[PDB]
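Q: mind folding the following:
(chains A, B, C, D, E, F, G and H, ligands or ions: 88)
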Amino acid sequence: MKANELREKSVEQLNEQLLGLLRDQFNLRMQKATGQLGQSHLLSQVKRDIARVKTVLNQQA
Amino acid sequence: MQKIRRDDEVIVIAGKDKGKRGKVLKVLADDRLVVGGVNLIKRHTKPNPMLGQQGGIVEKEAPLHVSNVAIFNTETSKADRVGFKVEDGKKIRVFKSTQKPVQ
Amino acid sequence: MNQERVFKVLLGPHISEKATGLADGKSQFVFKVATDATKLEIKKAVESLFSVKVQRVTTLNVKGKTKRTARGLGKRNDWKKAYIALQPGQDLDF
Amino acid sequence: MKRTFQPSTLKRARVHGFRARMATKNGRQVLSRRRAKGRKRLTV
Amino acid sequence: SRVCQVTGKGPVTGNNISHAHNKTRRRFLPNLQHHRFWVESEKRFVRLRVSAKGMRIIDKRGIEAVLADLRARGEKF
RNA sequence: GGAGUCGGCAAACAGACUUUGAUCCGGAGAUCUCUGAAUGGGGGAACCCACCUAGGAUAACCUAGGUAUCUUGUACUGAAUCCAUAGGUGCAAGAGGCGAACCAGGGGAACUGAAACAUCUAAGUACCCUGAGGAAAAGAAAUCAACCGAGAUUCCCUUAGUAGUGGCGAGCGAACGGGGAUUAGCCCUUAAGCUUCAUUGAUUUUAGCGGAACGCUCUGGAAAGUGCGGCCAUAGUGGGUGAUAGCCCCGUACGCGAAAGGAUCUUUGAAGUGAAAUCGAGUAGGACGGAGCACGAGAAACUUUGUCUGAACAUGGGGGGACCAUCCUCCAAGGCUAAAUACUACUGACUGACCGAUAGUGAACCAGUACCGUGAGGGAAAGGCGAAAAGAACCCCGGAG
RNA sequence: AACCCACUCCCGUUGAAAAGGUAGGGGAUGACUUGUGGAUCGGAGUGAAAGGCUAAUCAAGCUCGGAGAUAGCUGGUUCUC
RNA sequence: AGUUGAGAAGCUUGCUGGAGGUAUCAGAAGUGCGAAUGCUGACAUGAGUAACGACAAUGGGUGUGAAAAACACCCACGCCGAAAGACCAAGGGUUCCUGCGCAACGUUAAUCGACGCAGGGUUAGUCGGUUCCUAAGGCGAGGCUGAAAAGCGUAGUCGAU
Ligand SMILES: [Mg+2]
Ligand SMILES: [Mg+2]
Ligand SMILES: [Mg+2]
Ligand SMILES: [Mg+2]
Ligand SMILES: [Mg+2]
Ligand SMILES: [Mg+2]
Ligand SMILES: [Mg+2]
Ligand SMILES: [Mg+2]
Ligand SMILES: [Mg+2]
Ligand SMILES: [Mg+2]
Ligand SMILES: [Mg+2]
Ligand SMILES: [Mg+2]
Ligand SMILES: [Mg+2]
Ligand SMILES: [Mg+2]
Ligand SMILES: [Mg+2]
Ligand SMILES: [Mg+2]
Ligand SMILES: [Mg+2]
Ligand SMILES: [Mg+2]
Ligand SMILES: [Mg+2]
Ligand SMILES: [Mg+2]
Ligand SMILES: [Mg+2]
Ligand SMILES: [Mg+2]
Ligand SMILES: [Mg+2]
Ligand SMILES: [Mg+2]
Ligand SMILES: [Mg+2]
Ligand SMILES: [Mg+2]
Ligand SMILES: [Mg+2]
Ligand SMILES: [Mg+2]
Ligand SMILES: [Mg+2]
Ligand SMILES: [Mg+2]
Ligand SMILES: [Mg+2]
Ligand SMILES: [Mg+2]
Ligand SMILES: [Mg+2]
Ligand SMILES: [Mg+2]
Ligand SMILES: [Mg+2]
Ligand SMILES: [Mg+2]
Ligand SMILES: [Mg+2]
Ligand SMILES: [Mg+2]
Ligand SMILES: [Mg+2]
Ligand SMILES: [Mg+2]
Ligand SMILES: [Mg+2]
Ligand SMILES: [Mg+2]
Ligand SMILES: [Mg+2]
Ligand SMILES: [Mg+2]
Ligand SMILES: [Mg+2]
Ligand SMILES: [Mg+2]
Ligand SMILES: [Mg+2]
Ligand SMILES: [Mg+2]
Ligand SMILES: [Mg+2]
Ligand SMILES: [Mg+2]
Ligand SMILES: [Mg+2]
Ligand SMILES: [Mg+2]
Ligand SMILES: [Mg+2]
Ligand SMILES: [Mg+2]
Ligand SMILES: [Mg+2]
Ligand SMILES: [Mg+2]
Ligand SMILES: [Mg+2]
Ligand SMILES: [Mg+2]
Ligand SMILES: [Mg+2]
Ligand SMILES: [Mg+2]
Ligand SMILES: [Mg+2]
Ligand SMILES: [Mg+2]
Ligand SMILES: [Mg+2]
Ligand SMILES: [Mg+2]
Ligand SMILES: [Mg+2]
Ligand SMILES: [Mg+2]
Ligand SMILES: [Mg+2]
Ligand SMILES: [Mg+2]
Ligand SMILES: [Mg+2]
Ligand SMILES: [Mg+2]
Ligand SMILES: [Mg+2]
Ligand SMILES: [Mg+2]
Ligand SMILES: [Mg+2]
Ligand SMILES: [Mg+2]
Ligand SMILES: [Mg+2]
Ligand SMILES: [Mg+2]
Ligand SMILES: [Mg+2]
Ligand SMILES: [Mg+2]
Ligand SMILES: [Mg+2]
Ligand SMILES: [Mg+2]
Ligand SMILES: [Mg+2]
Ligand SMILES: [Mg+2]
Ligand SMILES: [Mg+2]
Ligand SMILES: [Mg+2]
Ligand SMILES: [Mg+2]
Ligand SMILES: [Mg+2]
Ligand SMILES: [Mg+2]
Ligand SMILES: [Mg+2]
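A: Numbering: from 1, shown residues only, chains lettered A, B, ... in the order given. Ligands and ions are numbered 1, 2, ... in the order given. The structure is reproduced below:
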């Protein structure tokens, strides 16, 4: 998620976004362990989304 | 900025395929180019039984050095040197012989 | 536990011949878990994420195997393993 | 026949260990001498 | 250590010279004792480890003058 | 900036990213596990166990902050003991550890030489320890000269291996006087200067941009080499491109360039500091025992002090190599000061009648590694297909070697 | 007997072993043997004392420095006329 | 290989090799090895010689395999049995089990292996630690002592056997 549209949200709305991204990352690890993960690039893509949200969330102060 | 770019009409100077013309399909590191239809080689690959195979003999194109080609001037039909012209708001590439832009 | 630790304790199911037989004859499941996870967090995460009732959790630490190469002697990461027992009749699915 | 080296990991750490060197200045000179050489181990 | 508290005298080194002029290292130590001094303002006794030269300075200058100097240079008693 | 990208050994198979500006380079910010001065308490470094405040969950917690010691300051408090002292807590500021060398100090050898060896030398060297800085130290005459004068300190060249000193052995070794580098002095009736903030301008540094001029022919796998003819020059002995290139590529001479950080110099304002109060007393001088002066007690002046003593007050005091008289020259016992000088662990550029894999760093290669030792510690060997993997499809023998 | 020791012969001596083995031998409730943890060390420690032992090293351990110590003594010193 | 000088040596060429060399006269040296019980690497002789590590001991049958004295199974002999059988602690660290292998390692061969490759395998309120307590001993706020580093030590808090 681009950071330009993240700074339009709120701390109440940013925490729901971060919580949802952690749910998706957990499911991606379930597929990787069992073996039904073709979209291998999605693993590193959700890591940077979580880091991006935490960067903007710290800037909220 | 680089003088030789992808999908450019070029002519080979110096080498076994000197005089031929083609298009740049790939630009490598260490200053090498893959030009379509020049410098053809055949690679013989053993069809090992590990996870299928590839084939027998395949013919592809070997890379050649970036200083062994030149932009082809499609107004005089000759190899040409290229420079960068004064920029109001953007660079372009021009022919050193005729000062017209490279297209 | 805080809302963020729930999604980070489990790492995925552990599949093998031993793990397969347990999942049928004993309704007991083997998972890979974070090396700093405790039996209390594993119990809460499985109940929350799969909507089942766990009754007992047992854990063990696994040393990483050591492999010698030309450059020297390298070794793999240590990891942690969990056995999770559920209610008499209920199935766990992903 | 009994040989000179009889291993014991508890007696090894209490004589040559990291916290044993740091207790005195003469052991701190040993550690700084081994850092200047580039030793990978640096302690028993 | 063996340092006078008012003059700052400490041990120094030198040589012992024999008749054949052989030299060996030696030390010269200050002549210092423990002495209690009466402080007229404080109605108190102060016990210092001073040298015999430092006792003569207290006689000349007084104990209030000397005690102020010790406190100024952060020396404890 | 301007088209490719997802680091290397080290390749393949996959999944993707993007001219709506990516990988990449620079300034600034955020995150920053555990150990380590390690600092909440312990520990066998990378481990174990806690307490307090605030907020949030209902179960067996979570989140964010605090809790070492010492020094200085301040507030409260309070023993023997009446007053108040020691002592006890709470806050603020500072310190602690690491680093190759240079600097100033504390302690301080021996081998060796003397063709033996004690004085002497080696040498105030090696080594250990403590402080400070980008430099440090020293510095503004109680200094030298010689009846003429000089004019703070530091460093270089001479005087000169001279005068001296020395079991007068081996050895050690000045100064006066000259030639240079640098230029500077200011205060205790409170000054130059330095430090930190705030402002006046300039210049650099951390990335980049443009950057001239060649064809034909022969041999050749491949021309940059042959033969012929040109062009550019503030750019012509750079690197590499399939053999030797000023004109093929990247560069080069020469011009440009900074949202934002660092640094230096410049204004002119404030604050602190310089700072020791008031011109110097247990001080100058002396006796005994040692150090330093080139000077080893020697006619032995001068400085310094471990022990013991002890003045005068500008009509006074210190020096001029025992000592006296006469002259000359200075004013100790309170301070601060740039430059010329020393060094390079570290960063950049250029250079070499340096090495070219038994050489050059121990180390061109996954080297302070493998290995050896309980440990401190010691310490290797090992580069090159080809221009391009085009790295040998397929058949035969052989154990699907 | 176990356990601790080491008196004799032989073998082995390039050993199975940088101090052993097979036969015999001494003590075996004590001044006994032994595990774990700890303390004392280099002109120093410890020693029912052999100048013994202090990591296969002891009439003064090992390691790194002074250090390329000193060597009137051995050895060596490279093409031609 | 030929040829030229009195010598150190020079010159011309066939083959190999595939990219550099340096006339002349000067200038600088890490400038010339057979020895130093010289240093490093490679290779000889001894010599296909000694030896193959307790003199408890082996014989058949079958299978697999390119190939069985040594592997697996069966029948039959031997040896230990206060151990040469089991189990704790220290120490070691994947040597444990399975599938695939035999170049190197195994003092012979190997289809076998504590060997190579790849997977798998260790489940505790009661077992052993940690946590509680202390011994010898260590460290030790303040403290006393000491040229500096530092020594000893009180409150305390570490330390199992
Ligand atoms: Mg467990
Ligand atoms: Mg790892
Ligand atoms: Mg002497
Ligand atoms: Mg800490
Ligand atoms: Mg601690
Ligand atoms: Mg703290
Ligand atoms: Mg702590
Ligand atoms: Mg410091
Ligand atoms: Mg001597
Ligand atoms: Mg001599
Ligand atoms: Mg001599
Ligand atoms: Mg002698
Ligand atoms: Mg001397
Ligand atoms: Mg001294
Ligand atoms: Mg500094
Ligand atoms: Mg000064
Ligand atoms: Mg002077
Ligand atoms: Mg005059
Ligand atoms: Mg002056
Ligand atoms: Mg450019
Ligand atoms: Mg150009
Ligand atoms: Mg060139
Ligand atoms: Mg070539
Ligand atoms: Mg060139
Ligand atoms: Mg050309
Ligand atoms: Mg004065
Ligand atoms: Mg005074
Ligand atoms: Mg005097
Ligand atoms: Mg005297
Ligand atoms: Mg003297
Ligand atoms: Mg004399
Ligand atoms: Mg005096
Ligand atoms: Mg005087
Ligand atoms: Mg005099
Ligand atoms: Mg005179
Ligand atoms: Mg003064
Ligand atoms: Mg440099
Ligand atoms: Mg070579
Ligand atoms: Mg080398
Ligand atoms: Mg070497
Ligand atoms: Mg070892
Ligand atoms: Mg025994
Ligand atoms: Mg017999
Ligand atoms: Mg016997
Ligand atoms: Mg017996
Ligand atoms: Mg008897
Ligand atoms: Mg005992
Ligand atoms: Mg000791
Ligand atoms: Mg000794
Ligand atoms: Mg004797
Ligand atoms: Mg040893
Ligand atoms: Mg021994
Ligand atoms: Mg010497
Ligand atoms: Mg020698
Ligand atoms: Mg001889
Ligand atoms: Mg020849
Ligand atoms: Mg030739
Ligand atoms: Mg070349
Ligand atoms: Mg020449
Ligand atoms: Mg030579
Ligand atoms: Mg020789
Ligand atoms: Mg030779
Ligand atoms: Mg010879
Ligand atoms: Mg020999
Ligand atoms: Mg030889
Ligand atoms: Mg033979
Ligand atoms: Mg024979
Ligand atoms: Mg024979
Ligand atoms: Mg034989
Ligand atoms: Mg035999
Ligand atoms: Mg034998
Ligand atoms: Mg055998
Ligand atoms: Mg058979
Ligand atoms: Mg047999
Ligand atoms: Mg029997
Ligand atoms: Mg163990
Ligand atoms: Mg082992
Ligand atoms: Mg293994
Ligand atoms: Mg096995
Ligand atoms: Mg098998
Ligand atoms: Mg075979
Ligand atoms: Mg074999
Ligand atoms: Mg294996
Ligand atoms: Mg105690
Ligand atoms: Mg202590
Ligand atoms: Mg203390
Ligand atoms: Mg305790
Ligand atoms: Mg116990």
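Q: can you give me the strands in the chain?
A: In the absence of a named chain, this looks at chain A. Using DSSP state E, no strands are found in chain A.
Q: wrong one, I was asking about chain C
A: For chain C, the strands identified by DSSP E occupy C:10-13, C:28-33, C:54-62, C:66-69, C:72-75, C:79-86, in order along the chain.
Q: helices or strands next to the fourth one in the packing?
A: I take that to be strand C:66-69. For strand C:66-69, the contact count by 3 or more C-beta pairs under 8 Å, 6 or more residues apart in numbering or on different chains; DSSP states H and E identifies strand C:72-75 as packing neighbours. No exception for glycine: its C-beta is placed from N, CA and C like everyone else's.
Q: let me know whether the strand it packs on sits next to RNA strand F.
A: Yes: with C-beta under 7 Å from any atom of the strand as the threshold, strand C:72-75 lies in contact with RNA strand F, specifically through residue C:72.
Q: so what strands line up beside that strand?
A: Under the criterion DSSP bridges, strand C:72-75 sits next to strand C:66-69 (antiparallel) in its sheet.
Q: my guess is residue C:62 contacts residue C:76. True?
A: No: here residue C:62 lies out of contact with residue C:76, judged by C-beta atoms under 8 Å, at a distance of 9.8 Å.
Q: returning to what we had before: okay, the strands of chain C in a markdown table with mean neighbour count next?
A: Output for those, formatted as a markdown table (neighbours: other C-beta atoms under 10 Å in any protein chain shown):
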| stretch | mean neighbour count |
| --- | --- |
| strand C:10-13 | 19 |
| strand C:28-33 | 20 |
| strand C:54-62 | 13 |
| strand C:66-69 | 8 |
| strand C:72-75 | 9 |
| strand C:79-86 | 18 |
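Q: go through these and name the closest to residue B:23.
A: Evaluated over these, closeness to residue B:23 peaks at strand C:66-69, with 44.7 Å, by C-beta to C-beta.
Q: that closest one close to RNA strand H?
A: Yes: applying C-beta under 7 Å from any atom of the strand, one finds strand C:66-69 in contact with RNA strand H at C:66-68.
Q: show me which residues of chain E are close to RNA strand F?
A: Chain E comes close to RNA strand F at residues E:9-10, E:12-17, E:20-23, E:25, E:28-32, E:51-53, E:56-57, E:59-61, E:74, E:76, as judged by C-beta under 7 Å from any atom of the strand.
Q: and chain D, which residues reach RNA strand H?
A: On the criterion C-beta under 7 Å from any atom of the strand, RNA strand H has as its neighbours in chain D the residues D:7-10, D:23-25.
Q: pick out whichever of those residues sits closest to residue C:29.
A: Among those, and counting by C-beta to C-beta, the member closest to residue C:29 is residue D:9, at 37.8 Å.
Q: how many neighbours does the closest one have?
A: Each residue near residue D:9 was counted by other C-beta atoms under 10 Å in any protein chain shown, and the total is 8.
Q: and if you look at residue E:20?
A: Residue E:20: 5 neighbours (other C-beta under 10 Å).
Q: and for residue B:85?
A: Taking other C-beta under 10 Å as the neighbour definition, residue B:85 ends up with a count of 14.
Q: test my guess that it contacts residue B:98.
A: No: Residue B:85 lies out of contact with residue B:98 (C-beta under 8 Å); the separation is 11.7 Å.
Q: determine the longest helix present in the chain.
A: I'll assume chain A. Longest helix of chain A, by residue count under DSSP state H: helix A:11-34.
Q: my question was about chain D
A: In chain D, with assignment by DSSP H, the single longest helix is helix D:25-37.
Q: if we go by neighbour counts, what in that helix is buried?
A: Along helix D:25-37, these residues count as buried under the neighbour rule (16 or more other C-beta atoms under 10 Å in any protein chain shown): residue D:27.
Q: send the alpha carbons of it over as PDB?
A: Taking C-alpha atoms only, helix D:25-37 is exported to PDB below (Å, rounded to 0.1, in the frame of the first residue of the first chain):
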ATOM      1  CA  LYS D  25      43.200  -5.600  34.200                       C
ATOM      2  CA  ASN D  26      45.700  -8.300  33.100                       C
ATOM      3  CA  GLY D  27      42.900 -10.300  31.700                       C
ATOM      4  CA  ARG D  28      41.500  -7.200  30.000                       C
ATOM      5  CA  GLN D  29      44.900  -6.700  28.300                       C
ATOM      6  CA  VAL D  30      44.600 -10.200  27.000                       C
ATOM      7  CA  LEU D  31      41.200  -9.500  25.400                       C
ATOM      8  CA  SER D  32      42.300  -6.300  23.900                       C
ATOM      9  CA  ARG D  33      45.500  -8.000  22.600                       C
ATOM     10  CA  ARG D  34      43.300 -10.700  20.900                       C
ATOM     11  CA  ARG D  35      41.000  -8.100  19.400                       C
ATOM     12  CA  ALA D  36      43.900  -6.200  17.800                       C
ATOM     13  CA  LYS D  37      45.100  -9.500  16.200                       C
END
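Q: just the element for residue E:14, please.
A: Residue E:14 belongs to strand E:12-17 when elements are defined using DSSP states H and E.
Q: quick one: list the elements packing against that strand.
A: Based on contacts counted as 3+ C-beta pairs under 8 Å, 6+ apart, the elements that strand E:12-17 packs against are strand E:23-28.
Q: find the closest residue to RNA strand G in chain B.
A: As assessed by C-beta to the nearest atom of the strand, RNA strand G sits closest to residue B:30 within chain B, at 45.8 Å.
Q: count of residues packed around whatever residue of chain C ends up closest to RNA strand F?
A: Each residue of chain C has a distance to RNA strand F, by C-beta to the nearest atom of the strand, and the smallest belongs to residue C:2, at 3.4 Å. For residue C:2, the number of neighbouring residues by other C-beta under 10 Å comes to 5.
Q: ok, residue E:54 next?
A: The number of residues packed around residue E:54, counting by other C-beta under 10 Å, is 21.
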